[PDB]
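Q: See input01.json below, with JSON, C-alpha atoms.
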[["chain", "number", "residue", "atom", "x", "y", "z"],
["A", 218, "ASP", "CA", 0.21, -1.32, -12.71],
["A", 219, "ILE", "CA", 2.49, -3.86, -11.05],
["A", 220, "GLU", "CA", 1.77, -2.66, -7.51],
["A", 221, "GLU", "CA", -2.00, -2.84, -7.99],
["A", 222, "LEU", "CA", -1.62, -6.34, -9.44],
["A", 223, "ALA", "CA", 0.40, -7.40, -6.39],
["A", 224, "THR", "CA", -2.23, -5.97, -4.06],
["A", 225, "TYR", "CA", -4.98, -7.76, -5.99],
["A", 226, "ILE", "CA", -3.14, -11.09, -5.89],
["A", 227, "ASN", "CA", -2.64, -10.64, -2.15],
["A", 228, "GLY", "CA", -6.34, -9.90, -1.72],
["A", 229, "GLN", "CA", -7.70, -12.81, -3.75],
["A", 230, "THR", "CA", -5.86, -15.42, -1.66],
["A", 231, "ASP", "CA", -4.14, -16.09, 1.66],
["A", 232, "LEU", "CA", -1.49, -18.64, 0.63],
["A", 233, "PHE", "CA", 0.47, -16.03, -1.37],
["A", 234, "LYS", "CA", 2.26, -12.89, -0.21],
["A", 235, "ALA", "CA", 2.71, -10.98, -3.46],
["A", 236, "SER", "CA", 5.33, -8.25, -3.49],
["A", 237, "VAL", "CA", 7.29, -5.85, -5.71],
["A", 238, "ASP", "CA", 11.03, -5.16, -5.60],
["A", 239, "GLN", "CA", 12.78, -1.91, -6.52],
["A", 240, "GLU", "CA", 12.80, -2.69, -10.25],
["A", 241, "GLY", "CA", 9.16, -3.81, -10.40],
["A", 242, "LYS", "CA", 9.54, -7.60, -10.42],
["A", 243, "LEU", "CA", 6.61, -9.51, -8.96],
["A", 244, "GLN", "CA", 7.86, -11.47, -5.95],
["A", 245, "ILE", "CA", 5.49, -14.29, -4.98],
["A", 246, "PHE", "CA", 6.10, -15.85, -1.56],
["A", 247, "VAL", "CA", 4.64, -19.19, -0.47],
["A", 248, "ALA", "CA", 4.81, -20.05, 3.22],
["A", 249, "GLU", "CA", 6.45, -23.37, 4.03],
["A", 250, "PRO", "CA", 3.35, -25.33, 5.17],
["A", 251, "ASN", "CA", 1.46, -24.14, 2.07],
["A", 252, "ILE", "CA", 3.84, -25.62, -0.54],
["A", 253, "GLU", "CA", 5.15, -29.13, -1.19],
["A", 254, "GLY", "CA", 6.57, -29.86, -4.63],
["A", 255, "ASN", "CA", 7.03, -27.91, -7.86],
["A", 256, "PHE", "CA", 5.01, -24.69, -7.62],
["A", 257, "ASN", "CA", 4.01, -24.43, -11.28],
["A", 258, "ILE", "CA", 2.40, -21.35, -12.83],
["A", 259, "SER", "CA", 0.66, -20.87, -16.18],
["A", 260, "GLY", "CA", -1.56, -18.38, -17.97],
["A", 261, "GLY", "CA", -0.82, -15.67, -20.50],
["A", 262, "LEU", "CA", -0.31, -13.00, -17.85],
["A", 263, "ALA", "CA", 2.54, -14.97, -16.28],
["A", 264, "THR", "CA", 4.25, -15.10, -19.67],
["A", 265, "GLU", "CA", 3.67, -11.34, -19.85],
["A", 266, "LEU", "CA", 5.70, -10.87, -16.67],
["A", 267, "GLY", "CA", 7.99, -13.72, -17.71],
["A", 268, "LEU", "CA", 7.37, -15.50, -14.41],
["A", 269, "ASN", "CA", 8.59, -19.09, -14.01],
["A", 270, "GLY", "CA", 7.19, -21.16, -11.16],
["A", 271, "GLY", "CA", 9.44, -24.05, -10.20],
["A", 272, "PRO", "CA", 11.10, -25.43, -7.07],
["A", 273, "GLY", "CA", 11.58, -21.87, -5.83],
["A", 274, "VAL", "CA", 14.30, -20.23, -3.77],
["A", 275, "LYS", "CA", 14.25, -21.50, -0.18],
["A", 276, "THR", "CA", 14.37, -18.55, 2.24],
["A", 277, "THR", "CA", 14.06, -18.70, 6.03],
["A", 278, "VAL", "CA", 14.30, -16.02, 8.69],
["A", 279, "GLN", "CA", 18.09, -16.35, 8.86],
["A", 280, "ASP", "CA", 18.23, -15.45, 5.15],
["A", 281, "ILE", "CA", 16.46, -12.08, 5.45],
["A", 282, "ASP", "CA", 18.03, -9.06, 3.76],
["A", 283, "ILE", "CA", 16.44, -5.62, 3.99],
["A", 284, "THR", "CA", 18.86, -3.24, 2.23],
["A", 285, "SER", "CA", 16.75, -3.56, -0.94],
["A", 286, "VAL", "CA", 13.05, -2.78, -1.35],
["A", 287, "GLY", "CA", 12.37, -6.29, -2.61],
["A", 288, "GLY", "CA", 14.33, -7.66, 0.31],
["A", 289, "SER", "CA", 11.96, -5.94, 2.72],
["A", 290, "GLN", "CA", 8.86, -6.94, 0.77],
["A", 291, "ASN", "CA", 9.91, -10.60, 0.81],
["A", 292, "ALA", "CA", 10.87, -10.27, 4.47],
["A", 293, "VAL", "CA", 7.32, -9.17, 5.27],
["A", 294, "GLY", "CA", 5.95, -12.49, 4.05],
["A", 295, "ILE", "CA", 8.85, -14.36, 5.64],
["A", 296, "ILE", "CA", 8.07, -12.94, 9.08],
["A", 297, "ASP", "CA", 4.36, -13.53, 8.48],
["A", 298, "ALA", "CA", 4.99, -17.23, 7.86],
["A", 299, "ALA", "CA", 7.42, -17.45, 10.79],
["A", 300, "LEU", "CA", 4.88, -15.81, 13.10],
["A", 301, "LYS", "CA", 2.23, -18.26, 11.93],
["A", 302, "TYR", "CA", 4.52, -21.22, 12.62],
["A", 303, "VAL", "CA", 5.56, -19.96, 16.07],
["A", 304, "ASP", "CA", 1.95, -19.25, 17.01],
["A", 305, "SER", "CA", 0.94, -22.75, 15.92],
["A", 306, "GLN", "CA", 3.70, -24.27, 18.05],
["A", 307, "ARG", "CA", 2.65, -22.15, 21.04],
["A", 308, "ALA", "CA", -0.93, -23.32, 20.52],
["A", 309, "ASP", "CA", 0.28, -26.93, 20.57],
["A", 310, "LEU", "CA", 2.18, -26.30, 23.80],
["A", 311, "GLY", "CA", -0.88, -24.67, 25.35],
["A", 312, "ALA", "CA", -3.03, -27.64, 24.37],
["A", 313, "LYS", "CA", -0.52, -29.98, 25.99],
["A", 314, "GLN", "CA", -0.48, -27.80, 29.11],
["A", 315, "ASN", "CA", -4.28, -27.93, 29.38],
["A", 316, "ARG", "CA", -4.29, -31.70, 28.90],
["A", 317, "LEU", "CA", -1.63, -32.01, 31.59],
["A", 318, "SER", "CA", -3.66, -29.93, 34.05],
["A", 319, "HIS", "CA", -6.81, -31.96, 33.42],
["A", 320, "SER", "CA", -4.84, -35.19, 33.81],
["A", 321, "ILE", "CA", -3.26, -34.01, 37.07],
["A", 322, "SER", "CA", -6.66, -33.14, 38.54],
["A", 323, "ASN", "CA", -8.02, -36.54, 37.47],
["A", 324, "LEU", "CA", -4.99, -38.28, 38.97],
["A", 325, "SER", "CA", -5.44, -36.48, 42.30],
["B", 272, "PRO", "CA", 11.37, 16.47, -37.30],
["B", 273, "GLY", "CA", 11.56, 20.17, -36.41],
["B", 274, "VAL", "CA", 14.27, 21.88, -34.37],
["B", 275, "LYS", "CA", 14.10, 20.78, -30.75],
["B", 276, "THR", "CA", 13.81, 23.76, -28.38],
["B", 277, "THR", "CA", 13.64, 23.46, -24.59],
["B", 278, "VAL", "CA", 13.58, 26.09, -21.86],
["B", 279, "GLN", "CA", 17.37, 25.92, -21.51],
["B", 280, "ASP", "CA", 17.59, 26.57, -25.28],
["B", 281, "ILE", "CA", 15.82, 29.93, -24.89],
["B", 282, "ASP", "CA", 17.35, 33.17, -26.12],
["B", 283, "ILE", "CA", 15.71, 36.58, -26.44],
["B", 284, "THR", "CA", 18.41, 38.52, -28.28],
["B", 285, "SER", "CA", 16.07, 38.70, -31.30],
["B", 286, "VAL", "CA", 12.35, 39.20, -31.82],
["B", 287, "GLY", "CA", 11.86, 35.65, -33.05],
["B", 288, "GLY", "CA", 13.72, 34.41, -30.00],
["B", 289, "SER", "CA", 11.19, 36.01, -27.66],
["B", 290, "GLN", "CA", 8.24, 34.96, -29.81],
["B", 291, "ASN", "CA", 9.40, 31.35, -29.50],
["B", 292, "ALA", "CA", 10.21, 31.95, -25.83],
["B", 293, "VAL", "CA", 6.62, 32.77, -24.90],
["B", 294, "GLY", "CA", 5.40, 29.47, -26.35],
["B", 295, "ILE", "CA", 8.26, 27.43, -24.92],
["B", 296, "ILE", "CA", 7.66, 28.81, -21.44],
["B", 297, "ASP", "CA", 3.92, 28.22, -21.83],
["B", 298, "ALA", "CA", 4.56, 24.55, -22.62],
["B", 299, "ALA", "CA", 6.95, 24.26, -19.68],
["B", 300, "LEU", "CA", 4.36, 25.86, -17.39],
["B", 301, "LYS", "CA", 1.74, 23.39, -18.60],
["B", 302, "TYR", "CA", 4.08, 20.49, -17.86],
["B", 303, "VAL", "CA", 4.99, 21.77, -14.39],
["B", 304, "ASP", "CA", 1.36, 22.45, -13.48],
["B", 305, "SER", "CA", 0.35, 18.98, -14.65],
["B", 306, "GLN", "CA", 3.04, 17.42, -12.46],
["B", 307, "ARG", "CA", 1.95, 19.58, -9.52],
["B", 308, "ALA", "CA", -1.65, 18.44, -9.99],
["B", 309, "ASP", "CA", -0.49, 14.82, -10.05],
["B", 310, "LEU", "CA", 1.43, 15.36, -6.81],
["B", 311, "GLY", "CA", -1.64, 16.95, -5.24],
["B", 312, "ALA", "CA", -3.70, 13.95, -6.26],
["B", 313, "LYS", "CA", -1.11, 11.73, -4.58],
["B", 314, "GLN", "CA", -1.29, 13.88, -1.44],
["B", 315, "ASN", "CA", -5.07, 13.55, -1.29],
["B", 316, "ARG", "CA", -4.80, 9.80, -1.87],
["B", 317, "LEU", "CA", -2.31, 9.50, 0.98],
["B", 318, "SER", "CA", -4.45, 11.60, 3.33],
["B", 319, "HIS", "CA", -7.53, 9.47, 2.68],
["B", 320, "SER", "CA", -5.41, 6.35, 3.16],
["B", 321, "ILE", "CA", -4.10, 7.71, 6.46],
["B", 322, "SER", "CA", -7.63, 8.35, 7.72],
["B", 323, "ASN", "CA", -8.76, 4.88, 6.64],
["B", 324, "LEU", "CA", -5.75, 3.23, 8.28],
["B", 325, "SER", "CA", -6.33, 5.13, 11.52],
["C", 110, "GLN", "CA", 20.92, 41.83, -24.01],
["C", 111, "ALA", "CA", 20.04, 42.84, -20.45],
["C", 112, "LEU", "CA", 16.76, 40.91, -20.62],
["C", 113, "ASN", "CA", 18.68, 37.90, -21.94],
["C", 114, "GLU", "CA", 21.12, 38.20, -19.03],
["C", 115, "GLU", "CA", 18.20, 38.14, -16.60],
["C", 116, "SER", "CA", 16.70, 35.18, -18.48],
["C", 117, "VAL", "CA", 19.93, 33.17, -18.34],
["C", 118, "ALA", "CA", 20.26, 33.96, -14.64],
["C", 119, "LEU", "CA", 16.75, 32.60, -14.13],
["C", 120, "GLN", "CA", 17.67, 29.54, -16.21],
["C", 121, "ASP", "CA", 20.62, 28.87, -13.92],
["C", 122, "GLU", "CA", 18.31, 29.36, -10.94],
["C", 123, "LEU", "CA", 15.90, 26.77, -12.36],
["C", 124, "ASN", "CA", 18.76, 24.31, -12.82],
["C", 125, "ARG", "CA", 19.96, 24.96, -9.27],
["C", 126, "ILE", "CA", 16.44, 24.30, -7.96],
["C", 127, "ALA", "CA", 16.21, 21.09, -9.96],
["C", 128, "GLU", "CA", 19.57, 19.86, -8.65],
["C", 129, "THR", "CA", 19.32, 21.10, -5.03],
["C", 130, "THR", "CA", 15.89, 20.49, -3.48],
["C", 131, "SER", "CA", 16.26, 17.29, -1.48],
["C", 132, "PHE", "CA", 14.58, 15.37, 1.33],
["C", 133, "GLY", "CA", 17.52, 14.80, 3.63],
["C", 134, "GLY", "CA", 20.02, 14.04, 0.88],
["C", 135, "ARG", "CA", 17.55, 12.26, -1.44],
["C", 136, "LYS", "CA", 17.39, 14.46, -4.54],
["C", 137, "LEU", "CA", 13.79, 14.93, -5.67],
["C", 138, "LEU", "CA", 13.62, 17.12, -8.80],
["C", 139, "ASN", "CA", 16.63, 16.03, -10.86],
["C", 140, "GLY", "CA", 15.20, 12.90, -12.49],
["C", 141, "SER", "CA", 17.43, 10.61, -10.44],
["C", 142, "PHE", "CA", 14.57, 10.02, -8.00],
["C", 143, "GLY", "CA", 12.86, 7.87, -10.62],
["C", 144, "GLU", "CA", 9.82, 6.20, -9.10],
["C", 145, "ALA", "CA", 9.53, 4.74, -5.60],
["C", 146, "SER", "CA", 6.89, 2.69, -3.81],
["C", 147, "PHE", "CA", 5.55, 3.85, -0.44],
["C", 148, "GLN", "CA", 4.14, 0.78, 1.31],
["C", 149, "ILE", "CA", 1.02, 2.09, 3.08],
["C", 150, "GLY", "CA", -0.66, -1.26, 3.76],
["C", 151, "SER", "CA", -0.12, -3.66, 6.63],
["C", 152, "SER", "CA", 1.09, -6.65, 4.60],
["C", 153, "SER", "CA", 3.18, -7.52, 1.57],
["C", 154, "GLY", "CA", 2.37, -5.35, -1.42],
["C", 155, "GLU", "CA", -0.36, -2.81, -0.72],
["C", 156, "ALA", "CA", 1.99, -0.03, -1.83],
["C", 157, "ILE", "CA", 1.62, 3.08, -3.99],
["C", 158, "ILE", "CA", 4.08, 4.12, -6.68],
["C", 159, "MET", "CA", 5.15, 7.76, -6.76],
["C", 160, "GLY", "CA", 6.19, 9.70, -9.86],
["C", 161, "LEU", "CA", 8.65, 12.59, -9.75],
["C", 162, "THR", "CA", 10.08, 13.74, -13.07],
["C", 163, "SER", "CA", 13.12, 15.94, -13.60],
["D", 56, "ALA", "CA", -22.82, -26.37, 29.90],
["D", 57, "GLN", "CA", -25.39, -23.77, 28.86],
["D", 58, "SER", "CA", -23.42, -21.12, 30.76],
["D", 59, "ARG", "CA", -20.30, -22.01, 28.78],
["D", 60, "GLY", "CA", -22.45, -21.86, 25.66],
["D", 61, "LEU", "CA", -23.69, -18.40, 26.60],
["D", 62, "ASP", "CA", -20.14, -17.18, 27.18],
["D", 63, "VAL", "CA", -18.94, -18.44, 23.80],
["D", 64, "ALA", "CA", -22.06, -17.03, 22.14],
["D", 65, "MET", "CA", -21.38, -13.60, 23.65],
["D", 66, "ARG", "CA", -17.79, -13.81, 22.40],
["D", 67, "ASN", "CA", -18.96, -14.71, 18.89],
["D", 68, "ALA", "CA", -21.53, -11.91, 18.87],
["D", 69, "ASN", "CA", -18.84, -9.44, 19.93],
["D", 70, "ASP", "CA", -16.57, -10.72, 17.16],
["D", 71, "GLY", "CA", -19.34, -10.20, 14.62],
["D", 72, "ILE", "CA", -19.90, -6.71, 16.01],
["D", 73, "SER", "CA", -16.21, -5.91, 15.56],
["D", 74, "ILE", "CA", -16.14, -7.22, 11.98],
["D", 75, "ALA", "CA", -19.21, -5.13, 11.17],
["D", 76, "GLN", "CA", -17.59, -2.10, 12.82],
["D", 77, "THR", "CA", -14.42, -2.41, 10.75],
["D", 78, "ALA", "CA", -16.42, -2.86, 7.55],
["D", 79, "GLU", "CA", -18.54, 0.17, 8.45],
["D", 80, "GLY", "CA", -15.45, 2.32, 8.97],
["D", 81, "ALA", "CA", -14.02, 1.28, 5.62],
["D", 82, "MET", "CA", -17.39, 2.00, 4.01],
["D", 83, "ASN", "CA", -17.46, 5.47, 5.56],
["D", 84, "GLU", "CA", -14.05, 6.28, 4.12],
["D", 85, "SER", "CA", -15.14, 4.88, 0.75],
["D", 86, "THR", "CA", -18.25, 7.07, 0.70],
["D", 87, "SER", "CA", -16.08, 10.08, 1.52],
["D", 88, "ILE", "CA", -13.95, 9.17, -1.50],
["D", 89, "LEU", "CA", -17.07, 8.86, -3.66],
["D", 90, "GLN", "CA", -18.35, 12.26, -2.52],
["D", 91, "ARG", "CA", -15.01, 13.82, -3.44],
["D", 92, "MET", "CA", -15.17, 12.16, -6.86],
["D", 93, "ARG", "CA", -18.69, 13.49, -7.36],
["D", 94, "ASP", "CA", -17.46, 16.99, -6.56],
["D", 95, "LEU", "CA", -14.60, 16.54, -9.04],
["D", 96, "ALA", "CA", -16.99, 15.44, -11.79],
["D", 97, "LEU", "CA", -19.39, 18.31, -11.13],
["D", 98, "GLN", "CA", -16.49, 20.77, -11.27],
["D", 99, "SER", "CA", -15.36, 19.23, -14.56],
["D", 100, "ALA", "CA", -18.86, 19.61, -16.00],
["D", 101, "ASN", "CA", -18.73, 23.43, -15.93],
["D", 102, "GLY", "CA", -18.41, 24.87, -19.41],
["D", 103, "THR", "CA", -15.34, 27.09, -18.90],
["D", 104, "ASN", "CA", -12.69, 24.41, -18.44],
["D", 105, "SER", "CA", -10.82, 24.17, -21.79],
["D", 106, "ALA", "CA", -9.04, 20.76, -21.81],
["D", 107, "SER", "CA", -6.03, 20.80, -19.46],
["D", 108, "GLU", "CA", -8.22, 21.42, -16.41],
["D", 109, "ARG", "CA", -10.21, 18.34, -17.40],
["D", 110, "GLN", "CA", -6.98, 16.35, -17.62],
["D", 111, "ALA", "CA", -6.00, 17.40, -14.09],
["D", 112, "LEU", "CA", -9.46, 16.57, -12.77],
["D", 113, "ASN", "CA", -9.26, 13.18, -14.50],
["D", 114, "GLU", "CA", -5.86, 12.53, -12.91],
["D", 115, "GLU", "CA", -7.34, 13.25, -9.49],
["D", 116, "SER", "CA", -10.34, 11.06, -10.30],
["D", 117, "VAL", "CA", -8.19, 8.12, -11.39],
["D", 118, "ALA", "CA", -6.09, 8.50, -8.25],
["D", 119, "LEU", "CA", -9.26, 8.34, -6.16],
["D", 120, "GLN", "CA", -10.46, 5.35, -8.21],
["D", 121, "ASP", "CA", -7.27, 3.42, -7.51],
["D", 122, "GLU", "CA", -7.66, 4.44, -3.86],
["D", 123, "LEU", "CA", -11.16, 2.94, -3.86],
["D", 124, "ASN", "CA", -9.76, -0.26, -5.35],
["D", 125, "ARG", "CA", -7.01, -0.33, -2.71],
["D", 126, "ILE", "CA", -9.57, 0.10, 0.08],
["D", 127, "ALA", "CA", -11.77, -2.64, -1.37],
["D", 128, "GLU", "CA", -8.76, -4.97, -1.64],
["D", 129, "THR", "CA", -6.86, -4.08, 1.56],
["D", 130, "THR", "CA", -9.07, -3.59, 4.63],
["D", 131, "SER", "CA", -8.90, -6.81, 6.61],
["D", 132, "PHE", "CA", -9.73, -8.15, 10.07],
["D", 133, "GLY", "CA", -6.48, -9.90, 10.88],
["D", 134, "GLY", "CA", -5.94, -11.41, 7.44],
["D", 135, "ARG", "CA", -9.64, -11.88, 6.59],
["D", 136, "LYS", "CA", -10.38, -9.64, 3.62],
["D", 137, "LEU", "CA", -13.73, -7.91, 4.18],
["D", 138, "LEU", "CA", -14.77, -5.79, 1.18],
["D", 139, "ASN", "CA", -12.74, -7.51, -1.56],
["D", 140, "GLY", "CA", -15.71, -9.73, -2.47],
["D", 141, "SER", "CA", -14.52, -12.94, -0.78],
["D", 142, "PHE", "CA", -16.35, -12.80, 2.56],
["D", 143, "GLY", "CA", -19.76, -13.75, 1.22],
["D", 144, "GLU", "CA", -22.43, -15.10, 3.54],
["D", 145, "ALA", "CA", -20.93, -16.12, 6.89],
["D", 146, "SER", "CA", -22.53, -17.37, 10.10],
["D", 147, "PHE", "CA", -22.02, -16.27, 13.70],
["D", 148, "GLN", "CA", -23.12, -18.64, 16.45],
["D", 149, "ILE", "CA", -24.89, -16.47, 19.03],
["D", 150, "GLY", "CA", -26.85, -19.17, 20.83],
["D", 151, "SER", "CA", -26.16, -21.70, 23.55],
["D", 152, "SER", "CA", -27.45, -24.71, 21.60],
["D", 153, "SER", "CA", -26.81, -25.69, 17.96],
["D", 154, "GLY", "CA", -28.99, -23.96, 15.38],
["D", 155, "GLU", "CA", -28.58, -20.26, 16.18],
["D", 156, "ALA", "CA", -26.70, -18.04, 13.75],
["D", 157, "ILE", "CA", -26.89, -14.56, 12.23],
["D", 158, "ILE", "CA", -25.93, -14.53, 8.55],
["D", 159, "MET", "CA", -23.78, -11.54, 7.57],
["D", 160, "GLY", "CA", -22.63, -10.70, 4.06],
["D", 161, "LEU", "CA", -20.32, -7.96, 2.77],
["D", 162, "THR", "CA", -20.58, -7.41, -0.98],
["D", 163, "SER", "CA", -17.41, -6.21, -2.67]]
Starting from the coordinates I provided, produce the structure as structure tokens.
A:
Amino acid sequence: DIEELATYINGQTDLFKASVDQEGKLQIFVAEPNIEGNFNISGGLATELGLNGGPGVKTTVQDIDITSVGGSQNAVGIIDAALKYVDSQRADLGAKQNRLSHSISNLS
Amino acid sequence: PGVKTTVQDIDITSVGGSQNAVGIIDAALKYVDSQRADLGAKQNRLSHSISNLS
Amino acid sequence: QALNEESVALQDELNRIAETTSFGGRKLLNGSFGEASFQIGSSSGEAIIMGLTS
Amino acid sequence: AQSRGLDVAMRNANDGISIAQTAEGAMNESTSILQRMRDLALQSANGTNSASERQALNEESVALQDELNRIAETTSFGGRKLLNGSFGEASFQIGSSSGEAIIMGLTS
């Protein structure tokens, strides 16, 4: 069924966060760093669901709505991507901090 | 096509009414028991999932 | 006639059960519940559909 | 330098231990599911079952089958699918120098 297909698509990759809304419409989420251009889809199965991969709807954290099931399912991937980005930035800041400490010791 | 008869459409004012009633109620019982078995399968699925998640 | 009166009373009881049993205002056994997905994973998807028929 | 190597090797060995532990737990739950399915099949085998009982047993069996698929596709160590068939052969540096590694593989 649709839910099992979404779980399978989630399992077979880490760039997608598959999902299912209230009506049973496959929601495919692509984190910002993982997409650049026209996300194009093909295959007979996609025509079976009627999917259409194109520029996509741009959604950030500020555009999260939860009142609907699909809203929450998309929000899960949205927060996942946001967490990844924030953690990457914190890692960069930590690297800079370590470089600064080493430099300060060398300067002394 | 046959005359559609559901549980709500049951009357026992006549012999034929009750003779059809026994079969109608048997079919309804089969349906309800099948749905109960499905729900029990879902309960077992959820319990196993809970243990795995823990 | 008396047996039919008891039967119709039980019919009305069945309808009342179908229309009344609820999980905190969410009717369960009146068909309106349709099918809902309980997300039991820890990431997008990973949910289980549930069937509950009138 | 070798002390730092030993520390990182101990960390990597512990990480491998944790991955194996999580996989083992998932496997234990899966084998419990399989035992239940075996019991269901044996119960279905009995002669006095008519047909509806077999339908109910089959519904339970298919539910457990989809549960097995969900387990195989869902258990993950922080986003790293374990038993979905993608892990394959992976190394784990457990030595100070370069050239020490235990190969671990988790078939789907």
Q: Work out how far atom CA of residue 163 of chain C is from atom CA of residue 303 of chain B, in Å to one decimal.
A: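 That distance, rounded to one decimal, is 10.0 Å.
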Q: Within 10 Å of chain D, which residues of chain C show up when using only C-alpha atoms, listed as a VMD selection string?
A: chain C and resid 150 to 152 154 to 157
Q: For a quick test of understanding: name the residues of chain B lying within 12 Å of chain D when counting all atoms listed in the file, and present them as a ChimeraX atom specification.
A: /B:298,300-325
Q: Report as a PyMOL selection string all protein, DNA and RNA residues lying within 6 Å of segment 148-161 of chain D, evaluated on all atoms listed in the file, omitting residues in the same chain fewer than 6 positions from it.
A: chain D and resi 57+60-61+64+68
Q: Just write the chosen residues, C-alpha atoms, as a compact mmCIF listing (two decimals), in the frame of the given file.
A:
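Saved the output as again_14.txt:
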# COMPACT_ATOMS: atom_id res chain seq x y z
CA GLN D 57 -25.39 -23.77 28.86
CA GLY D 60 -22.45 -21.86 25.66
CA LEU D 61 -23.69 -18.40 26.60
CA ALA D 64 -22.06 -17.03 22.14
CA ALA D 68 -21.53 -11.91 18.87
Q: Quick check, in Å to one decimal: how far apart do atom CA of residue 231 of chain A and atom CA of residue 253 of chain A lie?
A: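 Separating atom CA of residue 231 of chain A from atom CA of residue 253 of chain A is a distance of 16.3 Å.
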Q: Which value, in Å to one decimal, gives the distance between atom CA of residue 287 of chain A and atom CA of residue 237 of chain A?
A: 6.0 Å
Q: Would you pick out the contacts of segment 116-131 of chain C at 8 Å or less, using only C-alpha atoms, so that residues sharing its chain but fewer than 6 positions from it are not included, and give the list as a PyMOL selection string?
A: (chain B and resi 278-279+282) or (chain C and resi 137-139+163)
Q: Let me see the file: selected residues, C-alpha atoms, as a PDB file, in the frame of the given file.
A:
ATOM      1  CA  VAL B 278      13.580  26.090 -21.860  1.00  0.00           C
ATOM      2  CA  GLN B 279      17.370  25.920 -21.510  1.00  0.00           C
ATOM      3  CA  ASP B 282      17.350  33.170 -26.120  1.00  0.00           C
TER       4      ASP B 282
ATOM      5  CA  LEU C 137      13.790  14.930  -5.670  1.00  0.00           C
ATOM      6  CA  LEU C 138      13.620  17.120  -8.800  1.00  0.00           C
ATOM      7  CA  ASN C 139      16.630  16.030 -10.860  1.00  0.00           C
ATOM      8  CA  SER C 163      13.120  15.940 -13.600  1.00  0.00           C
TER       9      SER C 163
END
Q: Return as JSON the centre and edge lengths, in Å with one decimal, of the box along x, y and z that encloses every atom of segment 273-280 of chain B in the file, padded by 3 Å per side.
A:
{"center_x": 14.6, "center_y": 23.4, "center_z": -29.0, "size_x": 12.0, "size_y": 12.4, "size_z": 20.9}
Q: So which one's closest to chain A, C:143, C:153, C:111, C:132? Using all atoms listed in the file, please.
A: C:153
Q: Considering only C-alpha atoms, state which residue in the set A:256, A:314, A:298, A:218 is at the smallest distance from residue 271 of chain A.
A: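 Checking each of A:256, A:314, A:298, A:218 against residue 271 of chain A, counting only C-alpha atoms, the winner is A:256.
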Q: Which of these, C:136, C:160, C:148, C:114, has the shortest distance to chain A once you count only C-alpha atoms?
A: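 Ranking C:136, C:160, C:148, C:114 by distance to chain A, first place goes to C:148.
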Q: Looking at A:286, A:240, A:252, A:297, which one is nearest to chain D, with distances taken over all atoms listed in the file?
A: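 Between A:286, A:240, A:252, A:297, the residue approaching chain D most closely is A:297.
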Q: Which of these residues is nearest to chain C, using all atoms listed in the file: A:279, A:290, A:257, A:315?
A: A:290
